[PDB]
Amino acid sequence: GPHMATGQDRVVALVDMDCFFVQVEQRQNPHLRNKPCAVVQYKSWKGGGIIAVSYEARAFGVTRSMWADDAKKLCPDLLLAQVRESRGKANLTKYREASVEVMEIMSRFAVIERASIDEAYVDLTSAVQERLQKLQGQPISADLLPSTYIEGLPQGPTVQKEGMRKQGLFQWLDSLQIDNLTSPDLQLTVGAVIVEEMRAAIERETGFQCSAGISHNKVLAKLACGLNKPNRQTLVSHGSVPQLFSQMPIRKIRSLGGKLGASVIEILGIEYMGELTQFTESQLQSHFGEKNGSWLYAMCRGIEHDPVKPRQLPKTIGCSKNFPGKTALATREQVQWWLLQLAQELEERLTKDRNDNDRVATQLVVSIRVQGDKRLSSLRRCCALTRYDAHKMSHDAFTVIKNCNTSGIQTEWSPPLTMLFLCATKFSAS
DNA sequence: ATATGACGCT
DNA sequence: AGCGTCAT
Ligand SMILES: Nc1ncnc2c1ncn2[C@H]1C[C@H](O)[C@@H](COP(=O)(O)NP(=O)(O)OP(=O)(O)O)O1
Ligand SMILES: [Mg+2]
Ligand SMILES: [Mg+2]
């Protein structure tokens with residue numbers, strides 16, 4: 001009771017760009033704005049693969065990993081932008097650079113952990129504290145929170161979305177104990193005020209809109225973010241968790257979206273996150289291991305301790321390309337030529353990285369997939385990365401994978417390769 | 001024929 | 001080290 005952990009020590013946010021690659025293309029081409037549109041990779045095979053979808057297009061049922069020709073059947077007006085292709089492969093430079101625009105703005109407010117090309121976690125605890133001392137006793141106006149939803153509100157004793165949003169915000173703000181500078185609810189609220197500012201600054205300075213979640217940990221923050229996308233932010237309080245988790249499918253929670261989550265469901269015979277509470281920590285550990293049981297026990301009560309890692313820059317720099325179906329590489333010449341293509345892009349980005357972030361990669365990981373094998377990687381090998389030179393890197397990469405070739409004929413490659421992947425890792429200061 | 005990046009397990 | 005899991 002009086003010694004029970006409640007996981008309310010931190011204020012953490014997750015900011016995620018709304019249909020990010022689409023916004024990047026739409027900024028550059030005003031014709032795409034306010035229109036159903038998608039970003040497509042390649043063109044030949046069925047119009048190309050869709051990897052990002054505007055919300056206008058989503059209303060038609062257009063989704064990621066849909067072929068462009070199929071998307072057009074759902075949405076004939078659909079506008080497309082193609083990913084740049086360089087040396088026969090997708091070149092994502094424009095989105096990486098757009099990403100850096102956003103991460104630099106967020107970094108001004110607090111420490112961020114880059115979690116993907118289009119999202120970062122923020123530890124706002126310190127900023128909230130200071131903002132709270134600069135704002136002693138001053139009540140928080142709803143005007144400071146113009147795009148914020150309070151999850152679970154309004155409750156108890158209007159038919160418009162914005163009307164609902166405001167009612168809940170009013171109920172929340174009326175109930176706040178403003179004199180207590182250690183109230184977790186107040187802290188979150190102040191956290192939300194800062195995130196409004198962060199999000200205003202991102203949009204002012206990039207043109208890009210985003211959503212955000214504000215809570216006490218990463219998992220709740222990430223979950224919160226998705227509840228009112230696009231162009232809105234959501235506060236998930238500790239108190240909101242029992243009802244939210246009561247009908248929350250286990251798979252929605254970060255890290256439970258795969259086999260572990262399926263296993264939780266299967267072995268325990270449950271569906272929703274809240275149902276985990278009726279198990280002891282030891283029961284959970286016995287089914288899912290010491291680490292997982294401990295984590296599940298706390299998480300189903302809204303408690304999670306994974307820290308926001310102070311890291312704005314990726315730890316590996318990588319290049320990959322699949323070679324599906326008929327296009328699978330089957331000669332030594334093909335393999336070597338594509339290793340060179342991959343290595344050349346990698347060199348470009350490594351060189352850029354060394355100038356920009358004052359570090360040098362020191363290990364090259366080569367990964368291939370072979371025909372028939374469904375795993376992401378059939379095989380990973382590594383060598384030293386001593387010189388930022390594509391020819392050396394590609395030759396080195398061939399060297400450490402060439403014995404994977406089961407072919408009697410020297411000019412042929414079997415089994416055929418369906419993926420090549422070069423990844424520079426183990427960075428050192430420079 | 002669904003380009004990358006982080007991390008856990010052994 | 002090399003593979004497995006989960007993610008955008
Ligand atoms: N499986 C994948 N494969 C290739 N590219 C991908 C990808 N998933 C995402 N991308 C690229 C394309 C995406 O634009 C970008 C961010 O991914 P999200 O945040 O998951 N989705 P978005 O920001 O588009 O929409 P919203 O957040 O509003 O739901 O990463
Ligand atoms: Mg996004
Ligand atoms: Mg994202």
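Side chains are part of it too, since the values below use all heavy atoms of this structure and drop only hydrogens, waters and symmetry mates. The sequence lines fix the lettering, A, B, ..., with proteins before strands; numbering per chain opens at 1.
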Tell me whether the rings of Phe21(A) and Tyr95(A) are parallel (<30°), tilted (30 to 60°) or perpendicular (>60°).
parallel
Given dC7(B), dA7(C), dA3(B), which nucleotide is nearest the side-chain atoms of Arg311(A)?
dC7(B)
With distance as the sole criterion, is a donor-acceptor pair present between the side chains of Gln336(A) and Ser394(A) under 3.5 Å?
no
Presence of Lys315(A) side-chain N/O under 4.0 Å of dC7(B) phosphate oxygens OP1/OP2:
yes
So, is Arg381(A) near the phosphate of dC3(C), with a side-chain N or O under 4.0 Å from OP1 or OP2?
yes
Short N-O contact, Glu25(A) and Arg33(A), less than 4.0 angstrom:
no
When you check the phosphate oxygens OP1 and OP2 of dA3(B), does a side-chain N or O of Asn322(A) lie under 4.0 Å from one of them?
yes
Phosphate contact (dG5(B) OP1 or OP2) by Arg349(A) side-chain N/O below 4.0 Å:
yes
Using the P atom as the point on both nucleotides, what is the distance between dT8(C) and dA1(B), in whole Å?
24 Å
Are OP1 or OP2 of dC6(C) and a side-chain N or O of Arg251(A) less than 4.0 angstrom apart?
no
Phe60(A), CZ atom: more than 12 neighbouring heavy atoms under 6.0 Å
no
Distance below 4.0 Å between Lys259(A) side-chain N/O and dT5(C) OP1 or OP2:
yes
Can you tell me which nucleotide in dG5(B), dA1(B), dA7(C) comes closest to the side chain of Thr327(A)?
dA1(B)
Between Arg375(A) and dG4(C), is there a side-chain N or O to OP1/OP2 distance below 4.0 Å?
yes
Does a nitrogen or oxygen in the side chain of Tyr42(A) sit under 4.0 Å from OP1 or OP2 of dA3(B)?
yes
How is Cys423(A) classified with respect to the nucleic acid when contacts are heavy atoms under 4.0 Å: base, sugar-phosphate, or nothing?
nothing
Go through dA3(B), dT4(B), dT8(C) for me and flag the one nearest to the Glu345(A) side chain.
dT4(B)
Applying the 5.5 Å / 30° rule, does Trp67(A) stack onto the base of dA1(B)?
no
Of the listed nucleotides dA6(B), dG2(C), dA3(B), the one nearest the side chain of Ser320(A)
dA3(B)
For the side chain of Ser116(A), counting heavy atoms from C-beta on, which of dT8(C), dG4(C), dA3(B) is nearest?
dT8(C)
Can you identify which nucleotide, out of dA1(B), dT4(B), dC7(B), has its nearest atom closest to the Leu376(A) side chain?
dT4(B)
Pair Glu345(A) + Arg349(A), salt bridge at N-O below 4.0 Å
yes
Closest of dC6(C), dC3(C), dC9(B) to the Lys291(A) side chain is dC9(B)
May I have the distance from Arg380(A) (atom CZ) to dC9(B) (atom P), rounded to whole angstrom?
15 Å
For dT2(B), does either OP1 or OP2 sit under 4.0 Å from a side-chain N or O belonging to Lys374(A)?
no
Just compare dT5(C), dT4(B), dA6(B) and give me whichever is closest to any side-chain atom of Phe421(A).
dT4(B)
